[PDB]
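Student: Got a structure for you, questions after.
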Amino acid sequence: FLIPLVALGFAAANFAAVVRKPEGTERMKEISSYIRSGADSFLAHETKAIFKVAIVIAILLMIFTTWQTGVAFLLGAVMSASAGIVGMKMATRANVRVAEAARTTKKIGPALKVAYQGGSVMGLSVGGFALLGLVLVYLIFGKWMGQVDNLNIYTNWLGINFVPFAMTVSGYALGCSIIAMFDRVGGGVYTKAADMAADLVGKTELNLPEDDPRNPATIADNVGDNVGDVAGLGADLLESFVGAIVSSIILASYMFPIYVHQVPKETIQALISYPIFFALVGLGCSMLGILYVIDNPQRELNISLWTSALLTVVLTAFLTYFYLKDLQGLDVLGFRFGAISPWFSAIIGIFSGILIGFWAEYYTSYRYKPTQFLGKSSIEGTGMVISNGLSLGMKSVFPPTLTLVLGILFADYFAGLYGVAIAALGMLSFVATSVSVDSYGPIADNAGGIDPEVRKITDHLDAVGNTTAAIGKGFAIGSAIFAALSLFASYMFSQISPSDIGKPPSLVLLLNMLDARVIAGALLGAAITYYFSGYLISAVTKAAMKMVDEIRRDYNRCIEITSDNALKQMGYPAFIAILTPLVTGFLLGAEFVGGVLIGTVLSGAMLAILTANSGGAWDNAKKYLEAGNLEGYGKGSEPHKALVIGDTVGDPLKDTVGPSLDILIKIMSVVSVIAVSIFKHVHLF
Amino acid sequence: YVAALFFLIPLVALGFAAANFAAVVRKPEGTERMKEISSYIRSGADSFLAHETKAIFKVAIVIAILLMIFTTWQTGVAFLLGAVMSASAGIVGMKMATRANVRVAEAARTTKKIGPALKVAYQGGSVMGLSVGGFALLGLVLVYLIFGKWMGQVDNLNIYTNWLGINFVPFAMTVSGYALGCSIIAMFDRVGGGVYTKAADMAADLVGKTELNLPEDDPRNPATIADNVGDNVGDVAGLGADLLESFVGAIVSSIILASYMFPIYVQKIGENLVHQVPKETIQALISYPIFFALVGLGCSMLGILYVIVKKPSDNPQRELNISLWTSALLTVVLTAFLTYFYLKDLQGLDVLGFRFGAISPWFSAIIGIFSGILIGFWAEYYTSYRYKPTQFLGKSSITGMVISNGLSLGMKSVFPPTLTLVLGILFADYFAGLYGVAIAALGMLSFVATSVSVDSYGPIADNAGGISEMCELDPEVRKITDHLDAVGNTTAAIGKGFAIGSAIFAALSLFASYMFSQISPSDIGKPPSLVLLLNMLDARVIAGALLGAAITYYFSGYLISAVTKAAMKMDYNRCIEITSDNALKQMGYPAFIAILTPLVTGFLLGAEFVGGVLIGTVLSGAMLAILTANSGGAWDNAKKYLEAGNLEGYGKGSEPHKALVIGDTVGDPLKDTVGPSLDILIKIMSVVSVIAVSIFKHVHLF
Ligand SMILES: [Mg+2]
Ligand SMILES: [Mg+2]
Ligand SMILES: [Mg+2]
Ligand SMILES: [Mg+2]
């Protein structure tokens with residue numbers, strides 16, 4: 001209860017504590033000033049865009065559905081934006097202090113503590129704002145208006161029949177989705193255009209030094225390392241977390257009228273509240289793990305993760321047993337082992353998540369065989385390097401997907417679709433620690449950008465941050481896959497109609513693949529996924545060229561130009577993501593859109609895994625060859641040329657395309673779930 | 001009866017192919033070193049063919065015996081027949097191209113008959129296409145005449161249950177085995193051949209980047225002879241194998257849909273299920289795809305011969321379009337006549353969903369035909385720099401940016417053909433339900449004879465380009481054949497698009513067939529609408545979709561890994577044979593995985609999971625195929641433009657030219673092995689799933 005406020009205050013306390021850390025060096029202070037100025041300008045531009053789009057969409061939701069939906073949309077927008085702003089400011093401020101600690105104390109410990117404190121500020125802001133928004137929505141709308149009390153399908157002034165509370169939580173999830181969409185897409189385009197331009201100025205005719213303070217592109221690359229790995233990745237994790245919670249709530253809410261009432265109101269109310277309490281326990285357990293951690297940084301991060309996971313396991317076992325022991329109609333909704341069944345699913349998801357990270361690591365890291373084969377092959381041709389990286393990513397897609405399939409099967413066997421959503425929530429129970437670790441990465445990147453012994457210590461922490469960022473990217477992709485699957489489940493429950501309640505519940509819960517509509521929608525969704533990825537790449541290249549032209553021709557000016565180009569190019573993919581469900585449905589019904597959702601989820605998950613793993617393998621092979629474990633091949637060799645080309649191709653892919661894809665899948669699912677009440681029946685063909 | 005005339009049409013196609021073979025035999029072939037080179041290529045290719053043919057004969061005999069064990073022996077016999085017919089078509093086309101390669105260059109150079117040499121090369125492609133179509137339809141008609149009519153498998157038309165719990169229609173299972181045979185042979189051909197051809201092209205570029213400096217597509221490299229052997233193996237044989245595989249899949253799926261529609265439509269009156277559709281109507285709907293295919297073959301032959309003797313279009317691509325358009329329109333009109341007669345003899349139109357009666361499947365057919373044409377157009381529009389696409393590729397060439405833009409261009413090109421195909425699906429459904437969806441599938445490849453003709457023309461032009469580069473009589477001598485090679489690359493992309501569109505329609509019909517095979521006598525008592533149900537909500541189905549998409553990407557990646565390993569590894573003829581044998585050995589594994597995945601996934605999780613696996617495989621394979629084909633074609637077409645130097649006089653020596661060559665060599669394995677292997681994967685997985693459903697829907701562990 002009010003645990004999110006504790007997270008917000010504890011995040012603010014770590015902000016105040018780290019501000020009291022000396023900034024030391026003057027050149028480093030100036031670099032942090034440049035990064036802060038550029039990041040704040042980018043914030044101003046994106047916040048103007050987000051304000052306009054969010055107000056428009058909130059008014060639209062208020063028009064077509066109940067006003068509570070639009071209010072929750074705005075609330076989610078505000079909460080996610082606040083979390084992102086607080087975390088990004090923390091990260092921009094903490095890098096120089098981390099460097100100062102590492103330099104003065106000649107030790108990695110104080111620097112590690114300050115960097116992890118900044119990461120914790122970001123993660124705590126995420127969790128606290130998200131869960132505080134959830135609690136405010138529940139307290140204001142569910143109880144004061146009695147939407148949960150009557151728990152009846154409402155018909156608004158446009159003749160749209162729908163569940164008010166489900167539509168409101170759908171709008172709140174849509175707000176999280178819109179914030180994550182703008183953050184990840186625009187920011188990632190910025191981040192990879194900036195890193196690409198930083199590498200390009202090294203290779204231009206003017207030979208402006210790469211990773212140079214006078215280079216505007218190095219400052220843009222640092223700002224992007226912050227914006228991408230913090231705002232976009234944390235936004236993705238919060239979007240998947242909120243999607244899972246909202247999916248559980250929607251599943252219970254629509255199971256109430258479907259099972260006829262075969263399930264009492266008390267059971268439905270408890271199943272709606274269970275993810276909320278389960279989410280709160282995850283936040284508390286995550287903070288406990290963080291507090292314990294605050295010579296091996298990876299060991300400390302792993303300890304934080306495992307403590308958070310195990311504490312969640314035990315406390316949620318107790319909560320789930322004590323709270324769901326007193327409900328009726330558990331078997332009808334799929335609780336095989338009774339009240340213990342959802343908790344089981346949750347822990348399963350937890351394990352799935354951790355395992356997924358390993359697989360990402362197993363393919364992305366150069367310590368293991370996959371990236372060693374890539375580095376060894378690099379002696380034989382740039383094209384062969386590109387082919388081997390593509391093959392490695394395509395091979396890497398399989399093991400995490402197999403893990404996800406096994407987790408889905410186990411969660412289903414335990415507790416139906418409700419426990420599938422609970423397993424998603426279990427995977428995201430330690431999302432606070434996940435966001436903290438992930439936002440650690442870019443602080444280390446910036447510190448690296450900022451004695452040879454202190455340099456090597458900063459390099460050590462930067463490499464640890466890179467590895468953790470790759471692991472977090474894999475984790476985010478897996479969590480987004482679970483969230484999209486649960487959102488599809490919620491959409492298909494939303495397929496319910498007043499005429500359908502008389503029909504068998506199994507007959508209602510029905511999407512035949514044999515339908516040409518379903519098959520064609522799956523095809524179209526997969527095609528739109530690939531077309532989205534292609535236009536992402538084109539936009540990134542265009543933005544990089546525009547920045548290079550401006551540089552040839554004011555660091556804030558160049559950042560503003562890049563931000564404006566990214567925002568202008570973001571409209572078309574955002575338009576596609578928003579309009580595909582609406583247009584496809586108002587033309588063909590809801591079965592076509594369900595097929596679209598299935599195909600989009602499949603294609604986006606697969607491409608995201610592929611791109612993330614390939615880029616991670618390429619970057620780690622670069623580091624492998626630089627450290628020289630491939631004996632007899634020094635810097636400047638043909639393998640280095642091949643790896644540089646491979647990284648320039650892959651880095652933008654792994655850091656914007658795949659995350660954009662999983663944001664795409666989740667937002668398309670959310671928009672379909674929201675619009676179903678209209679466009680199931682208002683369809684042209 | 002007139003059926004004798006229909007049976008004679010494939011025989012006429014075979015005879016005309018033999019006549020064109022006699023035409024190519026009259027090759028002067030003045031050049032001696034190039035003739036010896038082609039003889040060496042023929043010897044190596046035939047040795048590889050003998051080795052792979054022995055291995056695939058072993059595997060095919062094993063699989064046929066397995067079919068005889070688990071299901072009817074007619075299934076294995078039809079599988080063996082399809083193996084023989086497809087192998088014969090591939091061999092005939094290969095011999096035709098190998099004989100024609102030197103002849104085209106000889107005519108164009110010595111006799112200055114560049115145009116006539118082009119015409120004879122397209123005639124060789126037509127020989128391959130006629131062999132493909134004639135052998136496929138001859139096998140189909142022999143199967144139908146022997147088993148459906150003589151043995152009374154259609155006459156009794158009753159579901160039989162053998163041991164192991166397999167319930168099935170004997171004739172439907174026989175045609176399923178014949179389609180599975182075409183799929184297995186096409187798999188062995190394409191996977192290994194594509195690995196070999198792209199390893200050979202990559203190895204030629206490696207000799208460019210070895211201690212020597214003799215690159216790929218390069219006259220100075222004699223290692224390119226292995227690349228030429230590949231230009232035949234796969235770039236000729238595999239396109240016909242894939243198109244025949246999709247063609248047979250569409251026809252067999254239509255036949256299965258019609259055959260299982262007979263027991264499905266039953267109405268419970270007085271505790272007795274009355275067959276809602278008569279036997280005569282079902283038999284007519286089973287025979288109709290065969291007559292439509294025969295009419296399509298006849299129209300294709302008429303159009304091809306008419307174009308050869310009517311007008312020498314100065315644009316070879318325009319001439320190919322003229323041939324395609326004539327064949328398409330003739331097929332449309334004659335199928336109008338056929339379907340009007342069937343509508344005159346049909347009465348169960350509303351119960352089966354025929355809005356316009358038998359004309360509605362005809363509509364669907366036309367839809368598919370036009371759809372295919374449009375798809376091809378789109379392919380060109382994105383792969384060729386005639387419009388802004390691939391022009392921006394050259395602008396980017398003006399290296400990492402180039403690679404990124406090529407990837408983006410391929411992914412952009414994915415969307416329009418898929419949108420056109422979705423519109424075609426919607427229209428075919430609206431006309432005539434799933435039966436007309438299958439009819440549109442068959443319509444798209446109704447002119448598959450002309451399609452294979454054009455596509456197999458392509459690599460003959462590629463070989464002529466290599467020979468012209470070797471001759472070095474003039475850069476214009478090289479460029480005349482490079483023009484034809486670029487046309488061939490565009491046609492290969494068009495053929496891949498046709499194959500994937502037909503595969504998508506056929507896979508839709510195969511989902512229908514899978515759920516039809518789910519029928520049991522209890523399901524016959526149960527409502528057909530309730531039976532026809534594969535819920536997406538189901539965790540099994542959704543997880544299966546995820547797994548199928550993952551297997552699609554992992555298959556592509558392991559293909560790339562095997563090709564790269566072969567390139568890393570490499571008597572020069574002995575070395576080529578060793579590389580080819582290693583490629584076949586590594587081809588063995590993914591095929592085994594593809595065959596075993598449906599069986600294992602089902603015996604673990606039911607039939608819903610396997611249906612989901614099929615869904616995911618269809619989606620991912622189709623999308624990747626479109627992507628790879630378009631991207632590779634765009635890269636190669638931009639190469640041609642920069643080589644001619646119309647890009648501001650940069651010339652060969654420009655560093656961006658080297659970067660673009662490297663990018664094109666990267667793209668080649670994708671466009672020439674990944675996507676077509678994926679669509680064959682999709683259809684073979686669907687076929688084996690539909691076969692195994694009868695057991696493993698109810699004999700499942702979890
Ligand atoms: Mg070549
Ligand atoms: Mg060549
Ligand atoms: Mg060639
Ligand atoms: Mg090639």
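If you're wondering about the labels, chains in the structure tokens are A, B, ... by order shown, residues count from 1 in each chain, ligands from 1 in order shown.
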At a cut-off of 6 Å, which residues of chain B touch chain A? Count only C-alpha atoms and give the answer as a list in words.

Tutor: residues 400, 408, 411, 412, 415, 422, 512, 533, 534, 535, 536, 537, 543, 546, 550, 553, 554, 557, 560, 561, 619 and 666 of chain B

Student: Output C-alpha atoms for every residue in that selection, as a tab-separated table (two decimals), in the first residue's frame.

Tutor:
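Below is the file selection-v9.tsv, written as the result:
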```
chain	number	residue	atom	x	y	z
B	400	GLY	CA	27.61	0.53	-44.22
B	408	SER	CA	15.67	-1.31	-46.00
B	411	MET	CA	11.93	-4.80	-46.37
B	412	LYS	CA	10.07	-1.94	-48.11
B	415	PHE	CA	4.82	-4.91	-48.33
B	422	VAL	CA	-4.14	-10.30	-49.32
B	512	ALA	CA	-8.10	-26.29	-44.42
B	533	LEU	CA	-11.95	-24.46	-35.81
B	534	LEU	CA	-8.33	-23.67	-34.85
B	535	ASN	CA	-8.59	-21.12	-32.07
B	536	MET	CA	-5.85	-18.50	-31.85
B	537	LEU	CA	-6.61	-17.98	-28.14
B	543	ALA	CA	3.20	-20.97	-28.93
B	546	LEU	CA	6.10	-18.58	-32.22
B	550	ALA	CA	11.71	-19.24	-34.83
B	553	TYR	CA	14.70	-17.89	-38.97
B	554	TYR	CA	16.93	-20.64	-37.53
B	557	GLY	CA	20.65	-18.93	-40.32
B	560	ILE	CA	23.94	-19.30	-44.10
B	561	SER	CA	26.26	-21.05	-41.63
B	619	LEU	CA	4.17	-16.18	-42.34
B	666	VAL	CA	26.59	-11.02	-49.52
```

Student: Counting only C-alpha atoms and all ligand atoms, which residues of chain B sit at most 9 Å from some atom of ligand 2, and what is each one's closest atom pair with its distance in Å to one decimal, listed by chain and rising residue number, as a tab-separated table?

Tutor:
```
residue	atom	partner	partner_atom_place_in_ligand_line	distance
B:201	CA	ligand 2	1 (Mg)	6.7
B:204	CA	ligand 2	1 (Mg)	8.1
B:215	CA	ligand 2	1 (Mg)	8.8
B:216	CA	ligand 2	1 (Mg)	5.3
B:217	CA	ligand 2	1 (Mg)	2.6
B:218	CA	ligand 2	1 (Mg)	6.0
B:219	CA	ligand 2	1 (Mg)	8.3
B:224	CA	ligand 2	1 (Mg)	6.4
B:225	CA	ligand 2	1 (Mg)	8.7
B:227	CA	ligand 2	1 (Mg)	6.3
B:228	CA	ligand 2	1 (Mg)	6.8
B:231	CA	ligand 2	1 (Mg)	8.1
B:462	CA	ligand 2	1 (Mg)	7.2
B:463	CA	ligand 2	1 (Mg)	7.8
B:465	CA	ligand 2	1 (Mg)	7.9
B:466	CA	ligand 2	1 (Mg)	6.1
```

Student: Take the residues from that selection and put them in a file with N, CA, C and O atoms, as a PDB file, in the first residue's frame.

Tutor:
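Generated file (part-v7.pdb):
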```
ATOM      1  N   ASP B 201      29.910 -19.448 -56.193  1.00  0.00           N
ATOM      2  CA  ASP B 201      30.015 -18.028 -56.519  1.00  0.00           C
ATOM      3  C   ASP B 201      30.863 -17.295 -55.483  1.00  0.00           C
ATOM      4  O   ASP B 201      31.742 -16.487 -55.830  1.00  0.00           O
ATOM      5  N   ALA B 204      34.450 -18.196 -56.062  1.00  0.00           N
ATOM      6  CA  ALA B 204      35.013 -17.398 -57.146  1.00  0.00           C
ATOM      7  C   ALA B 204      35.417 -16.019 -56.639  1.00  0.00           C
ATOM      8  O   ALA B 204      36.532 -15.540 -56.904  1.00  0.00           O
ATOM      9  N   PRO B 215      38.112 -12.528 -59.174  1.00  0.00           N
ATOM     10  CA  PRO B 215      36.831 -12.497 -58.444  1.00  0.00           C
ATOM     11  C   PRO B 215      35.704 -13.310 -59.065  1.00  0.00           C
ATOM     12  O   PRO B 215      35.918 -14.097 -59.991  1.00  0.00           O
ATOM     13  N   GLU B 216      34.500 -13.148 -58.515  1.00  0.00           N
ATOM     14  CA  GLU B 216      33.306 -13.815 -59.011  1.00  0.00           C
ATOM     15  C   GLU B 216      32.714 -13.052 -60.194  1.00  0.00           C
ATOM     16  O   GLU B 216      32.944 -11.852 -60.370  1.00  0.00           O
ATOM     17  N   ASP B 217      31.926 -13.770 -61.002  1.00  0.00           N
ATOM     18  CA  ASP B 217      31.354 -13.226 -62.238  1.00  0.00           C
ATOM     19  C   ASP B 217      32.448 -12.599 -63.098  1.00  0.00           C
ATOM     20  O   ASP B 217      32.232 -11.602 -63.791  1.00  0.00           O
ATOM     21  N   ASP B 218      33.640 -13.186 -63.045  1.00  0.00           N
ATOM     22  CA  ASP B 218      34.846 -12.592 -63.586  1.00  0.00           C
ATOM     23  C   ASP B 218      35.482 -13.517 -64.612  1.00  0.00           C
ATOM     24  O   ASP B 218      35.736 -14.692 -64.310  1.00  0.00           O
ATOM     25  N   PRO B 219      35.743 -13.035 -65.830  1.00  0.00           N
ATOM     26  CA  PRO B 219      36.396 -13.891 -66.834  1.00  0.00           C
ATOM     27  C   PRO B 219      37.780 -14.362 -66.431  1.00  0.00           C
ATOM     28  O   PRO B 219      38.173 -15.478 -66.792  1.00  0.00           O
ATOM     29  N   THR B 224      35.440 -19.685 -61.457  1.00  0.00           N
ATOM     30  CA  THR B 224      34.063 -19.345 -61.797  1.00  0.00           C
ATOM     31  C   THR B 224      33.345 -20.469 -62.527  1.00  0.00           C
ATOM     32  O   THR B 224      32.127 -20.394 -62.690  1.00  0.00           O
ATOM     33  N   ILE B 225      34.066 -21.460 -63.050  1.00  0.00           N
ATOM     34  CA  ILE B 225      33.393 -22.571 -63.718  1.00  0.00           C
ATOM     35  C   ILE B 225      32.500 -23.319 -62.736  1.00  0.00           C
ATOM     36  O   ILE B 225      31.420 -23.794 -63.100  1.00  0.00           O
ATOM     37  N   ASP B 227      31.017 -21.796 -60.352  1.00  0.00           N
ATOM     38  CA  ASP B 227      29.888 -20.873 -60.274  1.00  0.00           C
ATOM     39  C   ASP B 227      28.932 -21.076 -61.444  1.00  0.00           C
ATOM     40  O   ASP B 227      27.719 -20.946 -61.287  1.00  0.00           O
ATOM     41  N   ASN B 228      29.467 -21.343 -62.635  1.00  0.00           N
ATOM     42  CA  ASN B 228      28.628 -21.627 -63.800  1.00  0.00           C
ATOM     43  C   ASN B 228      27.873 -22.940 -63.620  1.00  0.00           C
ATOM     44  O   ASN B 228      26.683 -23.046 -63.962  1.00  0.00           O
ATOM     45  N   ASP B 231      25.193 -21.963 -61.652  1.00  0.00           N
ATOM     46  CA  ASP B 231      24.228 -21.220 -62.454  1.00  0.00           C
ATOM     47  C   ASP B 231      23.251 -22.176 -63.113  1.00  0.00           C
ATOM     48  O   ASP B 231      22.077 -21.849 -63.313  1.00  0.00           O
ATOM     49  N   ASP B 462      22.882 -15.847 -68.062  1.00  0.00           N
ATOM     50  CA  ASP B 462      24.016 -15.659 -67.153  1.00  0.00           C
ATOM     51  C   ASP B 462      25.263 -16.386 -67.660  1.00  0.00           C
ATOM     52  O   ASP B 462      26.375 -15.837 -67.638  1.00  0.00           O
ATOM     53  N   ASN B 463      25.094 -17.630 -68.111  1.00  0.00           N
ATOM     54  CA  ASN B 463      26.216 -18.396 -68.644  1.00  0.00           C
ATOM     55  C   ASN B 463      26.753 -17.753 -69.916  1.00  0.00           C
ATOM     56  O   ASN B 463      27.969 -17.722 -70.144  1.00  0.00           O
ATOM     57  N   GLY B 465      26.685 -14.602 -70.464  1.00  0.00           N
ATOM     58  CA  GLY B 465      27.457 -13.474 -69.968  1.00  0.00           C
ATOM     59  C   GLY B 465      28.852 -13.865 -69.529  1.00  0.00           C
ATOM     60  O   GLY B 465      29.828 -13.172 -69.833  1.00  0.00           O
ATOM     61  N   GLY B 466      28.964 -14.976 -68.803  1.00  0.00           N
ATOM     62  CA  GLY B 466      30.285 -15.460 -68.433  1.00  0.00           C
ATOM     63  C   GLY B 466      31.141 -15.785 -69.644  1.00  0.00           C
ATOM     64  O   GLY B 466      32.323 -15.432 -69.698  1.00  0.00           O
TER      65      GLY B 466
END
```

Student: Go through B:270, B:500, B:446, B:509 one by one, measure the shortest atom-to-atom distance of each to residue B:335 using only C-alpha atoms, and give the residue with the smallest value.

Tutor: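 The shortest atom-to-atom distance to residue B:335 comes from B:446.
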
Student: Counting only C-alpha atoms, which residues of stretch 294-391 of chain B sit at most 9 Å from some atom of stretch 122-139 of chain B, and what is each one's closest atom pair with its distance in Å to one decimal, listed by chain and rising residue number, as a tab-separated table?

Tutor:
```
residue	atom	partner	partner_atom	distance
B:294	CA	B:137	CA	7.4
B:297	CA	B:133	CA	7.1
B:301	CA	B:130	CA	8.1
B:304	CA	B:126	CA	8.0
B:308	CA	B:123	CA	8.5
```

Student: The selected residues should be written to file as an mmCIF file, in the first residue's frame (atoms: C-alpha atoms).

Tutor:
```
data_model
loop_
_atom_site.group_PDB
_atom_site.id
_atom_site.type_symbol
_atom_site.label_atom_id
_atom_site.label_comp_id
_atom_site.auth_asym_id
_atom_site.auth_seq_id
_atom_site.Cartn_x
_atom_site.Cartn_y
_atom_site.Cartn_z
ATOM 1 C CA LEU B 294 -4.258 -29.043 -68.659
ATOM 2 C CA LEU B 297 -0.536 -25.867 -70.083
ATOM 3 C CA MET B 301 2.289 -23.600 -75.133
ATOM 4 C CA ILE B 304 4.939 -19.285 -76.163
ATOM 5 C CA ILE B 308 8.242 -16.999 -80.875
#
```

Student: What lies within 8 Å of residue B:247 using only C-alpha atoms, ignoring chain neighbours under 6 positions off, as a compact mmCIF listing (two decimals) with N, CA and C atoms, in the first residue's frame?

Tutor:
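Full text of around23.txt as output:
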```txt
# COMPACT_ATOMS: atom_id res chain seq x y z
N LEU B 442 -4.11 -22.23 -57.82
CA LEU B 442 -3.80 -22.92 -59.07
C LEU B 442 -3.78 -21.96 -60.26
N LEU B 445 -0.41 -20.13 -60.86
CA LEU B 445 0.57 -20.97 -61.55
C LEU B 445 -0.02 -21.73 -62.73
N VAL B 448 2.40 -21.66 -65.31
CA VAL B 448 3.70 -22.01 -64.74
C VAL B 448 4.64 -22.51 -65.81
N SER B 502 1.67 -18.63 -54.60
CA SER B 502 0.98 -19.91 -54.71
C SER B 502 1.15 -20.72 -53.44
```

Student: Any idea what the distance is between atom CA of residue B:275 and atom CA of residue B:526?

Tutor: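 So the answer is 13.7 Å.
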
Student: Using only C-alpha atoms, which residue out of A:216, A:146, A:76, A:573 lies closest to residue A:199?

Tutor: A:216

Student: Return the single residue from B:699, B:508, B:530, B:226 that is closest to ligand 1, with distances computed using only C-alpha atoms and all ligand atoms.

Tutor: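 Looking only at the distances to ligand 1, the closest residue turns out to be B:226.
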
Student: Tell me which of B:31, B:281, B:564, B:689 sits closest to residue B:347, counting only C-alpha atoms.

Tutor: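 When distances to residue B:347 are compared using only C-alpha atoms, the smallest one comes from B:281.
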
Student: Out of B:45, B:97, B:662, B:295, which residue has the shortest atom-to-atom distance to ligand 1 when counting only C-alpha atoms and all ligand atoms?

Tutor: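 Smallest separation from ligand 1 among the options: B:662.
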
Student: Find the spatial neighbours of residue B:612, counting only C-alpha atoms, within a cut-off of 10 Å - ignore same-chain residues fewer than 5 positions away - and output them as number ranges by chain.

Tutor: A: 513; B: 511, 534-536, 538-549, 607, 617-618

Student: For the selection just defined, write its residues with C-alpha atoms to a file, as a PDB file, in the first residue's frame.

Tutor:
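Below you can see part-v4.pdb, which holds the result:
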```
ATOM      1  CA  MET A 513      -7.174 -19.872 -38.439  1.00  0.00           C
TER       2      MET A 513
ATOM      3  CA  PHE B 511      -4.632 -25.464 -43.118  1.00  0.00           C
ATOM      4  CA  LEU B 534      -8.334 -23.670 -34.853  1.00  0.00           C
ATOM      5  CA  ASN B 535      -8.589 -21.116 -32.067  1.00  0.00           C
ATOM      6  CA  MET B 536      -5.851 -18.498 -31.850  1.00  0.00           C
ATOM      7  CA  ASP B 538      -5.161 -21.418 -27.470  1.00  0.00           C
ATOM      8  CA  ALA B 539      -1.740 -21.314 -25.843  1.00  0.00           C
ATOM      9  CA  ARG B 540      -0.774 -24.391 -27.860  1.00  0.00           C
ATOM     10  CA  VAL B 541      -1.579 -22.702 -31.174  1.00  0.00           C
ATOM     11  CA  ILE B 542       0.022 -19.356 -30.306  1.00  0.00           C
ATOM     12  CA  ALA B 543       3.203 -20.973 -28.932  1.00  0.00           C
ATOM     13  CA  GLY B 544       3.336 -23.159 -32.027  1.00  0.00           C
ATOM     14  CA  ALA B 545       3.186 -20.039 -34.188  1.00  0.00           C
ATOM     15  CA  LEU B 546       6.098 -18.581 -32.218  1.00  0.00           C
ATOM     16  CA  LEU B 547       8.059 -21.824 -32.612  1.00  0.00           C
ATOM     17  CA  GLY B 548       7.380 -22.044 -36.349  1.00  0.00           C
ATOM     18  CA  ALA B 549       8.605 -18.496 -36.918  1.00  0.00           C
ATOM     19  CA  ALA B 607      -2.701 -30.962 -33.383  1.00  0.00           C
ATOM     20  CA  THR B 617       6.241 -20.993 -40.656  1.00  0.00           C
ATOM     21  CA  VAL B 618       4.020 -19.781 -43.508  1.00  0.00           C
TER      22      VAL B 618
END
```

Student: Taking the backbone alone, and naming residues the way the document does, which bits of stretch 95-318 of chain A are strand (DSSP E) by DSSP, as a PyMOL selection string?

Tutor: chain A and resi 154-155+161-162

Student: As a list in words, please: the residues near residue B:443 (cut-off 8 Å, only C-alpha atoms, same-chain neighbours under 4 positions excluded).

Tutor: residues 364, 365, 366, 367, 368, 369, 439 and 447 of chain B

Student: What would the file look like if the residues just selected were written as a short mmCIF file (atom, residue, chain, number, x, y, z; two decimals), in the first residue's frame with C-alpha atoms?

Tutor:
```
data_model
loop_
_atom_site.label_atom_id
_atom_site.label_comp_id
_atom_site.auth_asym_id
_atom_site.auth_seq_id
_atom_site.Cartn_x
_atom_site.Cartn_y
_atom_site.Cartn_z
CA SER B 364 -10.96 -16.56 -58.39
CA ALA B 365 -8.66 -18.14 -60.96
CA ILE B 366 -8.56 -14.90 -62.91
CA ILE B 367 -7.90 -13.04 -59.70
CA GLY B 368 -4.92 -15.21 -58.94
CA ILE B 369 -3.59 -14.93 -62.47
CA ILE B 439 -8.53 -22.38 -57.45
CA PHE B 447 0.88 -20.43 -66.75
#
```

Student: 12 Å from ligand 4 is the threshold here; counting only C-alpha atoms and all ligand atoms, which polymer residues fall inside it? Answer as a PyMOL selection string.

Tutor: chain B and resi 194-205+216-217+224+227-228+230-232+234-235+459+462+485-486+488-489+492+629+632-633+635-637+639+661-673

Student: What is the distance, in Å and to one decimal place, between atom CA of residue A:32 and atom CA of residue A:182?

Tutor: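 These atoms are spaced 24.7 Å apart.
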
Student: Excluding stretch 461-464 of chain A and residues on its chain fewer than 5 positions from it, collect all residues at most 9 Å away from it, counting only C-alpha atoms, and give them as an MDAnalysis selection string.

Tutor: chainID A and resid 108 111:112 297:298 441:448 456 469 623

Student: For residue A:11, find every residue with an atom within 12 Å (counting only C-alpha atoms), except residues of its own chain fewer than 2 positions away, and show them as an MDAnalysis selection string.

Tutor: chainID A and resid 4:9 13:18 83 86:87 90 116:129 287 290:291 432 436

Student: Just the helix (DSSP H, G or I) stuff from stretch 82-235 of chain B, please, per backbone DSSP, written as a PyMOL selection string.

Tutor: chain B and resi 82-110+114-150+153-156+163-165+170-209+224-232
